[PDB]
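Student: Just so it is clear, I am handing over protein05.cif, which has mmCIF, C-alpha atoms and all ligand atoms.
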data_coords
loop_
_atom_site.label_atom_id
_atom_site.label_comp_id
_atom_site.auth_asym_id
_atom_site.auth_seq_id
_atom_site.Cartn_x
_atom_site.Cartn_y
_atom_site.Cartn_z
CA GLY A 1 42.06 17.49 63.57
CA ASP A 2 45.19 19.20 62.17
CA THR A 3 45.14 22.53 60.36
CA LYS A 4 46.41 23.26 56.87
CA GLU A 5 49.41 25.06 58.37
CA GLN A 6 50.29 22.04 60.51
CA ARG A 7 50.00 19.87 57.38
CA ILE A 8 52.37 22.20 55.45
CA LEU A 9 54.96 22.15 58.31
CA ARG A 10 54.80 18.38 58.58
CA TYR A 11 55.17 18.00 54.82
CA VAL A 12 58.25 20.23 54.93
CA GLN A 13 59.73 18.27 57.83
CA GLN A 14 59.22 15.03 55.88
CA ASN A 15 60.16 16.20 52.36
CA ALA A 16 62.89 18.82 52.76
CA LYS A 17 66.43 18.66 54.12
CA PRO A 18 67.02 20.23 57.53
CA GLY A 19 69.14 23.35 57.21
CA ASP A 20 68.44 23.70 53.48
CA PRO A 21 66.18 26.71 52.86
CA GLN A 22 65.84 26.11 49.10
CA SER A 23 64.52 22.57 49.78
CA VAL A 24 62.03 24.01 52.27
CA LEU A 25 60.69 26.48 49.68
CA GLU A 26 60.44 23.72 47.08
CA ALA A 27 58.57 21.43 49.51
CA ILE A 28 56.06 24.15 50.30
CA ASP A 29 55.48 25.02 46.67
CA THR A 30 54.97 21.35 45.77
CA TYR A 31 52.55 20.90 48.61
CA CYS A 32 50.55 23.93 47.63
CA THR A 33 50.49 23.07 43.97
CA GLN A 34 49.57 19.44 44.40
CA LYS A 35 47.74 19.05 47.74
CA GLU A 36 46.19 22.28 49.01
CA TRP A 37 46.49 25.98 48.16
CA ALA A 38 47.86 28.26 50.81
CA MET A 39 48.52 32.03 51.01
CA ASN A 40 52.37 31.81 50.86
CA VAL A 41 53.92 34.41 48.56
CA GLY A 42 54.71 31.56 46.16
CA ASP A 43 57.36 31.01 43.56
CA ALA A 44 56.20 33.52 40.89
CA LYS A 45 56.15 36.47 43.19
CA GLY A 46 58.97 34.90 45.26
CA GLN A 47 61.33 35.17 42.32
CA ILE A 48 60.65 38.95 42.18
CA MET A 49 61.22 39.20 45.93
CA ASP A 50 64.51 37.42 45.53
CA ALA A 51 65.61 39.88 42.80
CA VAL A 52 64.72 42.80 45.07
CA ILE A 53 66.51 41.37 48.06
CA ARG A 54 69.64 40.76 46.03
CA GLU A 55 69.56 44.31 44.64
CA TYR A 56 69.38 46.06 47.98
CA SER A 57 71.13 43.52 50.29
CA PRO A 58 69.22 44.96 53.27
CA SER A 59 70.84 44.69 56.71
CA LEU A 60 67.55 44.93 58.60
CA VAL A 61 64.19 43.84 57.17
CA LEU A 62 60.79 44.07 58.81
CA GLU A 63 58.06 41.73 57.64
CA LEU A 64 54.38 42.30 58.52
CA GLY A 65 52.61 38.97 58.39
CA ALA A 66 54.55 35.75 58.46
CA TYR A 67 51.93 33.08 57.94
CA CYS A 68 53.92 29.80 57.79
CA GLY A 69 57.31 31.53 57.29
CA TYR A 70 57.66 31.07 53.47
CA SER A 71 58.55 34.67 52.74
CA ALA A 72 60.75 34.79 55.85
CA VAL A 73 62.67 31.75 54.53
CA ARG A 74 62.85 33.29 51.15
CA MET A 75 64.31 36.60 52.34
CA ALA A 76 66.48 35.31 55.17
CA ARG A 77 68.24 32.74 52.97
CA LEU A 78 69.54 35.64 50.78
CA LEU A 79 70.58 38.03 53.59
CA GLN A 80 74.26 38.68 54.10
CA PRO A 81 75.99 37.35 57.14
CA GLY A 82 74.90 39.31 60.20
CA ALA A 83 71.84 40.83 58.47
CA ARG A 84 68.57 40.26 60.23
CA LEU A 85 64.83 39.93 59.70
CA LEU A 86 62.09 40.79 62.20
CA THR A 87 58.67 39.41 61.34
CA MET A 88 55.43 40.41 63.11
CA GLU A 89 52.72 37.70 63.19
CA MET A 90 49.68 38.40 65.31
CA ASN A 91 48.13 34.94 64.87
CA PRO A 92 49.72 32.77 67.52
CA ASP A 93 49.23 29.51 65.70
CA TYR A 94 50.83 31.01 62.58
CA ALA A 95 53.64 32.41 64.74
CA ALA A 96 54.35 28.96 66.11
CA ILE A 97 54.39 27.37 62.65
CA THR A 98 56.67 30.13 61.34
CA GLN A 99 59.17 29.58 64.18
CA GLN A 100 59.21 25.81 63.56
CA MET A 101 59.65 26.41 59.85
CA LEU A 102 62.61 28.75 60.35
CA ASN A 103 64.16 26.28 62.86
CA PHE A 104 63.81 23.47 60.31
CA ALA A 105 65.43 25.71 57.64
CA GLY A 106 68.34 26.54 59.95
CA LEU A 107 67.58 30.25 59.69
CA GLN A 108 66.55 30.85 63.33
CA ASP A 109 69.61 32.95 64.14
CA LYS A 110 68.75 35.43 61.33
CA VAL A 111 65.05 35.91 62.08
CA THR A 112 63.04 37.09 65.09
CA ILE A 113 59.36 36.15 64.98
CA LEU A 114 57.36 38.47 67.18
CA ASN A 115 53.84 37.34 68.08
CA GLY A 116 51.81 40.56 68.36
CA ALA A 117 49.81 43.12 66.33
CA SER A 118 52.00 45.28 64.12
CA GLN A 119 50.37 48.48 65.41
CA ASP A 120 51.38 47.52 68.95
CA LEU A 121 54.83 46.29 68.12
CA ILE A 122 55.98 48.98 65.64
CA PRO A 123 56.10 51.68 68.33
CA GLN A 124 58.38 49.47 70.45
CA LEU A 125 61.01 48.81 67.78
CA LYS A 126 63.33 51.64 68.63
CA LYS A 127 63.40 51.40 72.39
CA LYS A 128 62.72 47.64 72.98
CA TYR A 129 64.36 46.10 69.87
CA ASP A 130 67.19 48.72 69.41
CA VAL A 131 66.17 49.52 65.83
CA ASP A 132 67.32 52.83 64.30
CA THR A 133 65.80 52.71 60.82
CA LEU A 134 64.62 49.88 58.55
CA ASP A 135 66.30 49.03 55.24
CA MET A 136 63.27 47.14 53.82
CA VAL A 137 59.75 46.31 54.83
CA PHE A 138 57.69 43.45 53.33
CA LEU A 139 53.95 43.95 53.73
CA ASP A 140 51.89 40.76 53.68
CA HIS A 141 49.40 41.03 56.59
CA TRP A 142 45.79 42.11 56.49
CA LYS A 143 45.36 44.20 53.37
CA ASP A 144 43.55 47.01 55.15
CA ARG A 145 46.54 47.36 57.44
CA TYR A 146 49.18 48.22 54.82
CA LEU A 147 48.37 51.92 54.75
CA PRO A 148 47.86 52.60 58.47
CA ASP A 149 50.99 50.66 59.36
CA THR A 150 53.04 52.49 56.67
CA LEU A 151 51.97 55.82 58.16
CA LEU A 152 52.83 54.45 61.64
CA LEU A 153 56.28 53.44 60.47
CA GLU A 154 56.94 56.98 59.30
CA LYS A 155 55.49 58.51 62.49
CA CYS A 156 57.79 56.39 64.58
CA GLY A 157 60.89 57.50 62.65
CA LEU A 158 61.64 54.03 61.25
CA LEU A 159 61.89 54.94 57.61
CA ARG A 160 64.99 56.52 56.07
CA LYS A 161 65.77 57.83 52.59
CA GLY A 162 65.95 54.72 50.52
CA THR A 163 63.90 52.37 52.80
CA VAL A 164 62.28 49.86 50.41
CA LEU A 165 58.65 48.91 50.96
CA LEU A 166 57.64 45.79 49.07
CA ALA A 167 53.91 44.98 49.21
CA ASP A 168 52.29 41.62 48.35
CA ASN A 169 48.80 41.29 46.95
CA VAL A 170 48.34 44.77 45.55
CA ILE A 171 45.96 43.29 42.90
CA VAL A 172 44.42 40.31 44.75
CA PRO A 173 42.99 40.62 47.34
CA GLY A 174 44.20 44.16 46.62
CA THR A 175 45.27 47.08 48.76
CA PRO A 176 43.57 50.04 47.07
CA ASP A 177 44.13 52.75 49.66
CA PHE A 178 47.82 51.83 50.18
CA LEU A 179 48.41 51.66 46.43
CA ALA A 180 46.76 54.97 45.64
CA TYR A 181 48.55 56.58 48.54
CA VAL A 182 52.14 55.56 47.66
CA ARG A 183 51.64 56.21 43.94
CA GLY A 184 50.33 59.65 44.74
CA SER A 185 53.00 60.63 47.25
CA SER A 186 56.05 62.63 46.41
CA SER A 187 57.67 60.77 49.40
CA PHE A 188 57.63 57.46 47.48
CA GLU A 189 59.11 56.30 44.23
CA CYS A 190 56.98 53.33 43.13
CA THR A 191 57.46 50.39 40.76
CA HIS A 192 54.80 47.79 39.98
CA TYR A 193 55.90 44.21 39.32
CA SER A 194 53.11 42.29 37.62
CA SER A 195 52.95 38.63 38.53
CA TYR A 196 50.53 35.87 39.56
CA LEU A 197 48.68 34.99 42.70
CA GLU A 198 50.52 32.12 44.47
CA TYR A 199 49.83 28.75 42.93
CA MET A 200 47.08 30.16 40.63
CA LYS A 201 46.49 31.33 37.10
CA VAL A 202 45.29 34.68 38.41
CA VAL A 203 47.15 37.98 37.95
CA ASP A 204 48.56 39.61 41.05
CA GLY A 205 51.50 41.94 41.69
CA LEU A 206 54.03 43.39 44.06
CA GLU A 207 54.51 47.11 44.56
CA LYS A 208 57.88 48.50 45.50
CA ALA A 209 57.72 51.92 47.10
CA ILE A 210 61.04 53.53 48.00
CA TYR A 211 60.74 56.15 50.72
CA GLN A 212 62.30 59.51 49.82
CA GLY A 213 62.08 61.41 53.15
CA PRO A 214 59.62 64.13 54.06
CA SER A 215 57.97 66.41 51.47
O1 LIG B 301 48.02 38.40 58.43
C1 LIG B 301 46.92 37.81 58.55
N1 LIG B 301 46.27 37.08 57.60
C2 LIG B 301 46.88 36.89 56.31
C3 LIG B 301 47.04 38.19 55.51
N2 LIG B 301 47.24 37.75 54.08
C4 LIG B 301 46.20 37.44 53.32
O2 LIG B 301 45.03 37.46 53.75
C5 LIG B 301 46.36 36.94 51.96
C6 LIG B 301 45.27 36.47 51.21
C7 LIG B 301 45.39 35.94 49.95
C8 LIG B 301 44.17 35.50 49.19
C9 LIG B 301 44.16 35.67 47.83
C10 LIG B 301 43.07 35.22 47.11
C11 LIG B 301 42.03 34.64 47.81
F1 LIG B 301 40.93 34.23 47.08
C12 LIG B 301 42.03 34.48 49.16
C13 LIG B 301 43.13 34.91 49.89
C14 LIG B 301 46.67 35.92 49.30
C15 LIG B 301 47.77 36.37 50.05
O3 LIG B 301 49.00 36.31 49.45
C16 LIG B 301 47.62 36.93 51.33
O4 LIG B 301 48.75 37.38 51.90
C17 LIG B 301 46.27 37.90 59.90
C18 LIG B 301 45.66 36.76 60.46
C19 LIG B 301 45.13 36.91 61.77
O5 LIG B 301 44.48 35.88 62.32
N3 LIG B 301 45.25 38.07 62.39
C20 LIG B 301 45.88 39.09 61.80
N4 LIG B 301 46.43 39.03 60.60
CL CL B 302 54.53 33.84 52.82
CL CL B 303 53.51 30.31 42.37
MG MG B 304 50.35 37.56 50.46
#
Give the structure from the file, written as structure tokens.
Ligand SMILES: O=C(NCCNC(=O)c1cc(-c2ccc(F)cc2)cc(O)c1O)c1cc(O)ncn1
Ligand SMILES: [Cl-]
Ligand SMILES: [Cl-]
Ligand SMILES: [Mg+2]

Tutor:
Amino acid sequence: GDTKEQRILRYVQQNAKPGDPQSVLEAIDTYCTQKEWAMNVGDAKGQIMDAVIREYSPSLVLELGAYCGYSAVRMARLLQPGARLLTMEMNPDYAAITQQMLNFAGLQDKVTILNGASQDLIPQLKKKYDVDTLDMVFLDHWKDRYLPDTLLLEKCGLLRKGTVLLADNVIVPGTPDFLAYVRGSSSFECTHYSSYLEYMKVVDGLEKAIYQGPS
């Protein structure tokens, strides 16, 4: 039968207003609070994401790991006109749900959902996708991929002074190598935002790591 992610999309389509991103976020959070948990960033951490997005008003955001498109809705709804989000989702079924979710939210013109592995796609961003540098990166894919993909971003010349990395799940499931690395690096200025795992009474957190250039 249907998957959890199909159930979430359907619930959104039947309980949100088309073209209304806030209603989409609310529908998802209700579903996941009342019916079934799912690994969306959630409202607690989402509120911190919102605050970050509004501070930096990034023109170009890369997201690693889309899932059902919750975080992509969350960020894209706060982008300025003309600003854009690219999100890399290697799971094809998740990629399809994410696209449908963004279409329902009316945010399809702001977001490009690429179905491929981040390690394969990151090296194509400059030449294929005409990226110069990224303003912000949201990390939310496999937790053992945050560090290697961060180092790949730098290798490929995609980070600039001031590029904001914002990492989900640095407590649960945790990203110990990434977290130790950025906190130890003179090339990052880090801030920890303590919060809660989505839809749970469990502590989690976001890490912001602002790239400072080589050193
Ligand atoms: O990105 C891919 N999976 C989700 C990564 N995200 C997570 O695993 C994740 C997990 C949890 C979590 C927390 C507590 C718990 F008890 C169980 C899970 C929370 C979150 O907020 C996440 O973000 C992926 C899929 C695929 O098929 N191929 C390549 N990549
Ligand atoms: Cl999400
Ligand atoms: Cl929550
Ligand atoms: Mg997460």

Student: If I put a ball of radius 9 Å at (61.2, 27.3, 54.7) in the file's coordinates, which residues poke into it when counting all atoms listed in the file, written as a PyMOL selection string?

Tutor: chain A and resi 9+12+16+20-28+68-74+98+101-107

Student: Residues within 10 Å of (62.8, 51.0, 55.9), file coordinates, counting all atoms listed in the file: what are they? Give the list as a ChimeraX atom specification.

Tutor: /A:58,60-62,132-138,150,153-154,157-165,210-211

Student: Between CA of residue 191 (chain A) and CA of residue 207 (chain A), what is the distance, to one decimal in Å?

Tutor: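 About the pair CA of residue 191 (chain A) and CA of residue 207 (chain A): they are 5.8 Å apart.
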
Student: Quick one: distance from CA of residue 145 (chain A) to CA of residue 92 (chain A) in Å, one decimal?

Tutor: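 We find that CA of residue 145 (chain A) and CA of residue 92 (chain A) lie 18.0 Å from each other.
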
Student: Nearest to ligand CL 303 (chain B): which of A:93, A:36, A:43, A:189 is it, counting all atoms listed in the file?

Tutor: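 Closest candidate: A:43.
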
Student: Using all atoms listed in the file, pick whichever of A:166, A:143, A:125, A:42 has the shortest atom-to-atom distance to residue 63 (chain A).

Tutor: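 Selected residue with least distance to residue 63 (chain A): A:166.
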
Student: Residues contacting ligand LIG 301 (chain B) - anything with an atom at most 6 Å away, using all atoms listed in the file - can you give me those as a VMD selection string?

Tutor: chain A and resid 39 to 41 65 90 to 91 140 to 142 169 172 to 173

Student: Emit the selected residues as a CSV table (one decimal), in the frame of the given file, including C-alpha atoms.

Tutor:
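result.csv written:
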chain,number,residue,atom,x,y,z
A,39,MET,CA,48.5,32.0,51.0
A,40,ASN,CA,52.4,31.8,50.9
A,41,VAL,CA,53.9,34.4,48.6
A,65,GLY,CA,52.6,39.0,58.4
A,90,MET,CA,49.7,38.4,65.3
A,91,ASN,CA,48.1,34.9,64.9
A,140,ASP,CA,51.9,40.8,53.7
A,141,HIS,CA,49.4,41.0,56.6
A,142,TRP,CA,45.8,42.1,56.5
A,169,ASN,CA,48.8,41.3,47.0
A,172,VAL,CA,44.4,40.3,44.8
A,173,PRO,CA,43.0,40.6,47.3

Student: When you draw a straight line from CA of residue 139 (chain A) to CA of residue 49 (chain A), how long is it in Å?

Tutor: 11.7 Å

Student: Between A:147, A:44, A:8, A:97, which one has atoms that come closest to ligand MG 304 (chain B), using only C-alpha atoms and all ligand atoms?

Tutor: A:44

Student: Pick the closest to ligand CL 302 (chain B) from A:2, A:29, A:109, A:149: which is it, counting only C-alpha atoms and all ligand atoms?

Tutor: A:29
